[PDB]
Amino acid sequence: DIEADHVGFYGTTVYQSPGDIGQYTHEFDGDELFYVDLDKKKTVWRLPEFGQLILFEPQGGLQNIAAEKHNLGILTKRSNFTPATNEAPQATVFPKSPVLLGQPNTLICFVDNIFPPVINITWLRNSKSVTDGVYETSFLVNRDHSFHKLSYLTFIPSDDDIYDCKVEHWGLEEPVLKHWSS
């Protein structure tokens, strides 16, 4: 890769079919700054603070997405319709900070080698589904053009409690479960 003190990712767009799935993001030094919510047609910052000074017109993201929709049809044919190869995701779970009983912490599930960029990341607490208090980053680009994604689970440490990060993807015969314990 190229060397620099800093690196900004601008205009980052992804589009695929079937399904009309598109994504537009910006990153700086490897971290997501925002993504444009295609549905609501709005800029969603990774951190609240963000869009308080600087600004981004969602219109831009929508443009690139559309252009990419255009490019996909052409290249698809050009390749004599060569499909995307389903990769197998690799998942890892680790705590944000040192674990202390009864003290609010966060489990991070890092998933890499994602391709195509369609995936189901879920959490289980004692093999019981958990939907509340869960956050998920956008699909973040890798130099090899695959993606990585992160999910977060805010929890209260306690002994014996078992946590799982469940990953589902077409390139997976069976779903993968990444376990973590207090």
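The term rigid core refers to the most C-alpha atoms you can superpose between the two forms while keeping them within 1.5 Å. Residues carry their position along the shown sequence, with the first being 1.
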item	value
Greater root mean square CA deviation, 140-148 compared with 125-133 in 5 other deposited structures of this protein, core aligned	125-133
Stretch departing more from the displayed form, 160-168 or 21-29, Cα RMS in 5 other deposited structures of this protein (core fit)	160-168
74-82 versus 99-107 - which carries the larger mean C-alpha B factor in the record	74-82
Per the entry, higher mean C-alpha B factor between 139-147 and 65-73	65-73
Highest-ranked of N113, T43, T131, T154 once sorted by CA temperature factor in the record	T131
Lowest, middle or highest third - CA B-factor, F56	lowest
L177 - which third its CA temperature factor falls in, relative to the rest of the chain	lowest
Among modelled residues of the same chain, the CA temperature factor third for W123	lowest
Ranked C-alpha temperature factor of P18 among modelled chain residues, by third	highest
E27 - Cα temperature factor, lowest/middle/highest third of chain	middle
